[PDB]
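Pasting query_5.cif here (mmCIF, C-alpha atoms and all ligand atoms):
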data_work
#
loop_
_atom_site.group_PDB
_atom_site.id
_atom_site.type_symbol
_atom_site.label_atom_id
_atom_site.label_comp_id
_atom_site.auth_asym_id
_atom_site.auth_seq_id
_atom_site.Cartn_x
_atom_site.Cartn_y
_atom_site.Cartn_z
ATOM 1 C CA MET A 1 10.605 0.650 -12.958
ATOM 2 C CA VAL A 2 7.741 0.908 -10.413
ATOM 3 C CA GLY A 3 7.109 4.368 -9.098
ATOM 4 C CA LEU A 4 4.523 5.938 -6.834
ATOM 5 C CA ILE A 5 2.924 9.317 -7.449
ATOM 6 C CA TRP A 6 0.640 11.231 -5.082
ATOM 7 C CA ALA A 7 -0.139 14.645 -3.667
ATOM 8 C CA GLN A 8 -0.633 15.118 0.018
ATOM 9 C CA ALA A 9 -1.356 17.730 2.572
ATOM 10 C CA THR A 10 1.445 18.592 4.983
ATOM 11 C CA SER A 11 -0.254 16.274 7.477
ATOM 12 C CA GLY A 12 -0.027 13.263 5.137
ATOM 13 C CA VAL A 13 -3.660 13.183 4.038
ATOM 14 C CA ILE A 14 -4.122 12.069 0.432
ATOM 15 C CA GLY A 15 -7.887 11.321 0.227
ATOM 16 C CA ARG A 16 -11.096 11.881 2.200
ATOM 17 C CA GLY A 17 -14.633 10.750 1.472
ATOM 18 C CA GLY A 18 -13.444 8.747 -1.517
ATOM 19 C CA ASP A 19 -12.103 11.904 -3.249
ATOM 20 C CA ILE A 20 -9.460 14.609 -2.698
ATOM 21 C CA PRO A 21 -10.102 17.910 -0.850
ATOM 22 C CA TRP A 22 -8.156 19.969 -3.328
ATOM 23 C CA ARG A 23 -7.523 20.391 -6.997
ATOM 24 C CA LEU A 24 -4.334 21.837 -8.499
ATOM 25 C CA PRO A 25 -4.358 21.867 -12.322
ATOM 26 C CA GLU A 26 -0.559 22.259 -12.253
ATOM 27 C CA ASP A 27 -0.355 18.858 -10.537
ATOM 28 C CA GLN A 28 -2.794 17.288 -12.996
ATOM 29 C CA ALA A 29 -0.491 18.444 -15.796
ATOM 30 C CA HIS A 30 2.525 17.111 -13.915
ATOM 31 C CA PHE A 31 0.596 13.874 -13.241
ATOM 32 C CA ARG A 32 -0.257 13.499 -16.954
ATOM 33 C CA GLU A 33 3.339 14.228 -18.016
ATOM 34 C CA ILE A 34 4.919 11.669 -15.678
ATOM 35 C CA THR A 35 2.467 8.831 -16.308
ATOM 36 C CA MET A 36 1.677 9.332 -20.012
ATOM 37 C CA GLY A 37 2.383 6.279 -22.126
ATOM 38 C CA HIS A 38 3.162 3.930 -19.230
ATOM 39 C CA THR A 39 1.161 1.604 -16.957
ATOM 40 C CA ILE A 40 -1.016 3.179 -14.262
ATOM 41 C CA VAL A 41 -2.045 0.915 -11.372
ATOM 42 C CA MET A 42 -4.934 1.929 -9.149
ATOM 43 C CA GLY A 43 -7.161 0.433 -6.498
ATOM 44 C CA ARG A 44 -10.835 -0.029 -7.135
ATOM 45 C CA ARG A 45 -11.688 2.958 -4.895
ATOM 46 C CA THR A 46 -9.501 5.277 -6.983
ATOM 47 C CA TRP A 47 -10.983 3.956 -10.257
ATOM 48 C CA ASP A 48 -14.446 4.668 -8.874
ATOM 49 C CA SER A 49 -13.339 8.178 -7.944
ATOM 50 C CA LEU A 50 -12.738 8.738 -11.690
ATOM 51 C CA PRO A 51 -15.505 10.301 -13.824
ATOM 52 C CA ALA A 52 -16.750 8.147 -16.679
ATOM 53 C CA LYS A 53 -15.757 10.743 -19.283
ATOM 54 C CA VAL A 54 -12.169 10.555 -18.041
ATOM 55 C CA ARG A 55 -12.004 6.712 -17.709
ATOM 56 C CA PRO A 56 -9.624 5.205 -18.794
ATOM 57 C CA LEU A 57 -6.809 7.782 -18.585
ATOM 58 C CA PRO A 58 -5.927 8.122 -22.271
ATOM 59 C CA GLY A 59 -2.585 6.956 -23.670
ATOM 60 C CA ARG A 60 -1.829 4.704 -20.687
ATOM 61 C CA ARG A 61 -2.501 1.121 -19.643
ATOM 62 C CA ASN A 62 -5.163 1.366 -16.942
ATOM 63 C CA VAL A 63 -5.083 -1.455 -14.357
ATOM 64 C CA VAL A 64 -7.477 -1.799 -11.415
ATOM 65 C CA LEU A 65 -6.785 -3.789 -8.253
ATOM 66 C CA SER A 66 -9.918 -5.471 -6.904
ATOM 67 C CA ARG A 67 -10.725 -8.629 -4.961
ATOM 68 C CA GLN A 68 -13.976 -9.149 -6.884
ATOM 69 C CA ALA A 69 -13.106 -11.533 -9.750
ATOM 70 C CA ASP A 70 -15.995 -10.189 -11.823
ATOM 71 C CA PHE A 71 -15.599 -6.476 -11.204
ATOM 72 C CA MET A 72 -15.911 -4.724 -14.572
ATOM 73 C CA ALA A 73 -13.842 -1.621 -15.352
ATOM 74 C CA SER A 74 -14.669 -0.582 -18.928
ATOM 75 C CA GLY A 75 -11.422 0.325 -20.679
ATOM 76 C CA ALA A 76 -8.971 -1.152 -18.147
ATOM 77 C CA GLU A 77 -7.657 -4.387 -16.689
ATOM 78 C CA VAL A 78 -8.906 -5.620 -13.349
ATOM 79 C CA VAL A 79 -6.345 -7.841 -11.641
ATOM 80 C CA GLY A 80 -6.590 -9.703 -8.352
ATOM 81 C CA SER A 81 -2.970 -9.102 -7.311
ATOM 82 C CA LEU A 82 -0.358 -6.404 -7.856
ATOM 83 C CA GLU A 83 2.376 -8.625 -9.338
ATOM 84 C CA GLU A 84 0.067 -9.071 -12.317
ATOM 85 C CA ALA A 85 0.367 -5.372 -13.152
ATOM 86 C CA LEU A 86 4.197 -5.180 -13.222
ATOM 87 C CA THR A 87 4.817 -6.697 -16.624
ATOM 88 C CA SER A 88 5.346 -3.370 -18.399
ATOM 89 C CA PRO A 89 8.695 -1.540 -18.319
ATOM 90 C CA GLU A 90 7.494 1.651 -16.628
ATOM 91 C CA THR A 91 4.671 1.312 -14.083
ATOM 92 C CA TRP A 92 3.297 4.131 -11.940
ATOM 93 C CA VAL A 93 1.125 3.435 -8.885
ATOM 94 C CA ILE A 94 -1.464 6.208 -8.743
ATOM 95 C CA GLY A 95 -3.359 5.327 -5.543
ATOM 96 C CA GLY A 96 -4.967 5.095 -3.324
ATOM 97 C CA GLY A 97 -3.706 4.655 0.221
ATOM 98 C CA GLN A 98 -4.177 0.885 0.182
ATOM 99 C CA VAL A 99 -2.415 0.210 -3.096
ATOM 100 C CA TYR A 100 0.386 2.699 -2.264
ATOM 101 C CA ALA A 101 1.173 0.504 0.705
ATOM 102 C CA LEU A 102 1.017 -2.690 -1.371
ATOM 103 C CA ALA A 103 3.357 -1.337 -4.051
ATOM 104 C CA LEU A 104 5.954 0.336 -1.827
ATOM 105 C CA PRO A 105 8.132 -2.832 -1.664
ATOM 106 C CA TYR A 106 8.394 -2.730 -5.466
ATOM 107 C CA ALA A 107 9.120 0.985 -5.761
ATOM 108 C CA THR A 108 12.298 2.975 -6.386
ATOM 109 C CA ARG A 109 10.616 6.333 -7.208
ATOM 110 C CA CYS A 110 8.081 8.462 -5.321
ATOM 111 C CA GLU A 111 6.904 11.661 -6.988
ATOM 112 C CA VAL A 112 5.311 13.496 -4.066
ATOM 113 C CA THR A 113 3.450 16.765 -4.436
ATOM 114 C CA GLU A 114 3.153 18.463 -1.057
ATOM 115 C CA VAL A 115 0.172 20.810 -0.805
ATOM 116 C CA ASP A 116 0.474 23.650 1.715
ATOM 117 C CA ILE A 117 -2.938 22.911 3.269
ATOM 118 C CA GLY A 118 -3.543 22.495 6.995
ATOM 119 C CA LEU A 119 -5.517 19.261 6.845
ATOM 120 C CA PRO A 120 -5.657 17.435 10.195
ATOM 121 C CA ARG A 121 -6.169 13.714 9.894
ATOM 122 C CA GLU A 122 -9.726 12.553 10.492
ATOM 123 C CA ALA A 123 -10.713 8.913 10.684
ATOM 124 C CA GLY A 124 -11.298 7.305 7.298
ATOM 125 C CA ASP A 125 -8.793 9.632 5.604
ATOM 126 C CA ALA A 126 -6.455 7.934 3.169
ATOM 127 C CA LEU A 127 -2.766 8.501 3.868
ATOM 128 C CA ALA A 128 0.632 8.774 2.193
ATOM 129 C CA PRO A 129 2.996 5.823 2.805
ATOM 130 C CA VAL A 130 5.755 6.372 5.336
ATOM 131 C CA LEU A 131 9.181 6.594 3.685
ATOM 132 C CA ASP A 132 11.961 5.119 5.794
ATOM 133 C CA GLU A 133 15.666 5.875 5.566
ATOM 134 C CA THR A 134 16.323 3.881 2.418
ATOM 135 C CA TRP A 135 14.732 6.748 0.412
ATOM 136 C CA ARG A 136 16.804 9.748 -0.724
ATOM 137 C CA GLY A 137 14.927 12.769 -2.053
ATOM 138 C CA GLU A 138 15.315 16.240 -3.567
ATOM 139 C CA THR A 139 13.053 18.831 -1.940
ATOM 140 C CA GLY A 140 11.751 21.274 -4.552
ATOM 141 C CA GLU A 141 10.948 24.966 -4.194
ATOM 142 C CA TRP A 142 7.534 26.309 -3.163
ATOM 143 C CA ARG A 143 5.439 27.238 -6.177
ATOM 144 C CA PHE A 144 2.150 29.099 -6.416
ATOM 145 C CA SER A 145 -0.865 27.227 -7.765
ATOM 146 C CA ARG A 146 -3.523 29.244 -9.527
ATOM 147 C CA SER A 147 -5.934 27.599 -7.024
ATOM 148 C CA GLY A 148 -4.416 29.765 -4.272
ATOM 149 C CA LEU A 149 -2.379 27.035 -2.573
ATOM 150 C CA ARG A 150 1.393 26.704 -2.545
ATOM 151 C CA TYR A 151 2.851 23.339 -3.474
ATOM 152 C CA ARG A 152 6.221 21.714 -3.966
ATOM 153 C CA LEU A 153 7.390 18.433 -5.500
ATOM 154 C CA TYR A 154 9.531 15.919 -3.644
ATOM 155 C CA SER A 155 11.361 13.396 -5.821
ATOM 156 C CA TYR A 156 12.369 10.407 -3.688
ATOM 157 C CA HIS A 157 14.806 7.848 -5.064
ATOM 158 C CA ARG A 158 16.288 4.582 -3.924
ATOM 159 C CA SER A 159 18.087 1.727 -5.612
HETATM 160 N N1 LIG A 201 -3.875 12.765 -3.388
HETATM 161 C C1 LIG A 201 -3.620 11.797 -4.427
HETATM 162 O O1 LIG A 201 -2.728 11.950 -5.205
HETATM 163 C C2 LIG A 201 -4.479 10.545 -4.549
HETATM 164 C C3 LIG A 201 -5.744 10.438 -3.758
HETATM 165 N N2 LIG A 201 -6.669 9.375 -3.940
HETATM 166 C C4 LIG A 201 -7.799 9.328 -3.033
HETATM 167 O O2 LIG A 201 -7.435 8.399 -1.801
HETATM 168 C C5 LIG A 201 -8.422 7.538 -1.671
HETATM 169 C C6 LIG A 201 -7.924 6.222 -2.288
HETATM 170 O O3 LIG A 201 -8.732 5.229 -1.781
HETATM 171 P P1 LIG A 201 -8.235 4.030 -0.782
HETATM 172 O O4 LIG A 201 -9.044 4.106 0.478
HETATM 173 O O5 LIG A 201 -6.778 3.942 -0.366
HETATM 174 O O6 LIG A 201 -8.673 2.693 -1.612
HETATM 175 P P2 LIG A 201 -7.860 2.208 -2.927
HETATM 176 O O7 LIG A 201 -7.960 3.227 -4.043
HETATM 177 O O8 LIG A 201 -6.432 1.897 -2.535
HETATM 178 O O9 LIG A 201 -8.578 0.838 -3.401
HETATM 179 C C7 LIG A 201 -8.681 -0.149 -2.455
HETATM 180 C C8 LIG A 201 -9.351 -1.243 -3.279
HETATM 181 O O10 LIG A 201 -8.457 -1.852 -4.045
HETATM 182 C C9 LIG A 201 -8.661 -3.422 -3.869
HETATM 183 N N3 LIG A 201 -7.583 -3.855 -3.033
HETATM 184 C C10 LIG A 201 -6.962 -3.403 -1.940
HETATM 185 N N4 LIG A 201 -5.992 -4.264 -1.651
HETATM 186 C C11 LIG A 201 -6.006 -5.244 -2.562
HETATM 187 C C12 LIG A 201 -5.230 -6.358 -2.717
HETATM 188 N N5 LIG A 201 -4.121 -6.901 -1.978
HETATM 189 N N6 LIG A 201 -5.463 -7.199 -3.724
HETATM 190 C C13 LIG A 201 -6.458 -6.972 -4.614
HETATM 191 N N7 LIG A 201 -7.219 -5.864 -4.446
HETATM 192 C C14 LIG A 201 -6.995 -5.004 -3.426
HETATM 193 C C15 LIG A 201 -9.802 -3.571 -3.242
HETATM 194 O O11 LIG A 201 -10.850 -3.554 -4.278
HETATM 195 P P3 LIG A 201 -12.234 -4.347 -3.933
HETATM 196 O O12 LIG A 201 -12.683 -3.837 -2.603
HETATM 197 O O13 LIG A 201 -13.282 -4.034 -4.983
HETATM 198 O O14 LIG A 201 -11.959 -5.837 -3.842
HETATM 199 C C16 LIG A 201 -9.977 -2.304 -2.371
HETATM 200 O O15 LIG A 201 -11.299 -1.997 -2.158
HETATM 201 C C17 LIG A 201 -9.602 8.172 -2.427
HETATM 202 O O16 LIG A 201 -10.140 9.160 -1.661
HETATM 203 C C18 LIG A 201 -8.939 8.899 -3.587
HETATM 204 O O17 LIG A 201 -9.803 10.053 -3.903
HETATM 205 C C19 LIG A 201 -6.490 8.364 -4.947
HETATM 206 C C20 LIG A 201 -5.127 8.288 -5.626
HETATM 207 C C21 LIG A 201 -4.222 9.567 -5.724
HETATM 208 O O1 LIG A 202 -4.313 12.409 -16.518
HETATM 209 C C1 LIG A 202 -5.268 12.828 -17.225
HETATM 210 O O2 LIG A 202 -5.132 12.892 -18.471
HETATM 211 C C2 LIG A 202 -6.597 13.264 -16.602
HETATM 212 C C3 LIG A 202 -7.749 13.560 -17.295
HETATM 213 N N1 LIG A 202 -8.660 13.893 -16.405
HETATM 214 N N2 LIG A 202 -8.145 13.818 -15.144
HETATM 215 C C4 LIG A 202 -8.915 14.112 -14.102
HETATM 216 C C5 LIG A 202 -9.237 15.433 -13.853
HETATM 217 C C6 LIG A 202 -10.058 15.762 -12.794
HETATM 218 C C7 LIG A 202 -10.583 14.779 -11.983
HETATM 219 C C8 LIG A 202 -10.276 13.456 -12.237
HETATM 220 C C9 LIG A 202 -9.454 13.120 -13.295
HETATM 221 C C10 LIG A 202 -6.866 13.430 -15.250
HETATM 222 O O3 LIG A 202 -5.850 13.198 -14.300
HETATM 223 C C11 LIG A 202 -6.099 13.397 -12.948
HETATM 224 C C12 LIG A 202 -5.282 14.548 -12.370
HETATM 225 C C13 LIG A 202 -6.011 15.034 -11.115
HETATM 226 C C14 LIG A 202 -5.157 14.992 -9.851
HETATM 227 C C15 LIG A 202 -4.654 13.595 -9.519
HETATM 228 C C16 LIG A 202 -3.412 13.319 -8.969
HETATM 229 N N3 LIG A 202 -3.327 12.013 -8.818
HETATM 230 C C17 LIG A 202 -4.444 11.400 -9.235
HETATM 231 C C18 LIG A 202 -4.794 10.043 -9.264
HETATM 232 C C19 LIG A 202 -6.023 9.645 -9.745
HETATM 233 C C20 LIG A 202 -6.911 10.604 -10.202
HETATM 234 C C21 LIG A 202 -6.569 11.948 -10.166
HETATM 235 C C22 LIG A 202 -5.318 12.359 -9.689
#

Hey, can you dump this file as structure tokens for me?
Ligand SMILES: NC(=O)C1=CN([C@@H]2O[C@H](COP(=O)(O)OP(=O)(O)OC[C@H]3O[C@@H](n4cnc5c(N)ncnc54)[C@H](OP(=O)(O)O)[C@@H]3O)[C@@H](O)[C@H]2O)C=CC1
Ligand SMILES: O=C(O)c1cnn(-c2ccccc2)c1OCCCCc1c[nH]c2ccccc12
Amino acid sequence: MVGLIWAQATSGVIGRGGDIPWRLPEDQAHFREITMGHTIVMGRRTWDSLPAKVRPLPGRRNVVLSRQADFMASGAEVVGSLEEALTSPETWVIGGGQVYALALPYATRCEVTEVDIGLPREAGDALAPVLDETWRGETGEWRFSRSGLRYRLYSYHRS
């Protein structure tokens, strides 16, 4: 099982400036719940976006994608290709825009949090992967985040 998990603005933006222009604790909690115990696969940019206190995400197998054969990520695996990271039974691809696109051929689950923020796409923004017609998905109800923003989860599924 290879799944993808991300939050996005309505416009499709998922990152900007190497970080994320929002923070919803309710999605962090949901993120932790869905990934806990399993493999988490990230690109080197996303690993760098992670504070050193938080790194590696506890209780999970942290794997970094990087083309530098000597890149050190203390507490995680650094692999040169994505097939290396798919040896565990449940693997979740946690970003960013590059690795989401790499993993999409392997994926049958997309947990998408949609953040009600009007975030027009600027150059250099990272983006959610386009989901074609092979993906079926249940659209959740709008919820209120204590950060002021509304959000809703999409759960996309394919065979
Ligand atoms: N809203 C959300 O839920 C999420 C948002 N984000 C944000 O989105 C952005 C993510 O960054 P993004 O620009 O997409 O970069 P990535 O996080 O996808 O990392 C790209 C890096 O991964 C390595 N890489 C890319 N392709 C390959 C490949 N085929 N093989 C081996 N290594 C590869 C490279 O490492 P190297 O260059 O060292 O060789 C590359 O620099 C950040 O802003 C982050 O804050 C991150 C995840 C979740
Ligand atoms: O999971 C944990 O236990 C944990 C512990 N600390 N942080 C954390 C908290 C604030 C800032 C950075 C990390 C955790 O998760 C991140 C949840 C934030 C939203 C998020 C959604 N997708 C992501 C992909 C990559 C990084 C962050 C996210």

Can I get the residues close to ligand LIG 201 (chain A) as number ranges by chain, where close means within 9 Å and we count only C-alpha atoms and all ligand atoms?
-> A: 5-9, 13-22, 31, 42-50, 64-69, 71, 79-82, 93-102, 112-113, 124-128

Surrounding residues of residue A:56 excluding itself and chain neighbours under 3 positions, 9 Å, all atoms listed in the file, as an MDAnalysis selection string = chainID A and resid 47 50 52:53 59:62 73:76

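Shortest atom-to-atom contact with residue A:145 among A:40, A:92, A:114, A:51: A:114, counting all atoms listed in the file.
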
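Straight-line separation from atom CA of residue A:109 to atom CA of residue A:123: 28.0 Å.
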
In terms of all atoms listed in the file, the residue from A:11, A:153, A:122, A:26 at minimal distance from residue A:110 is A:153
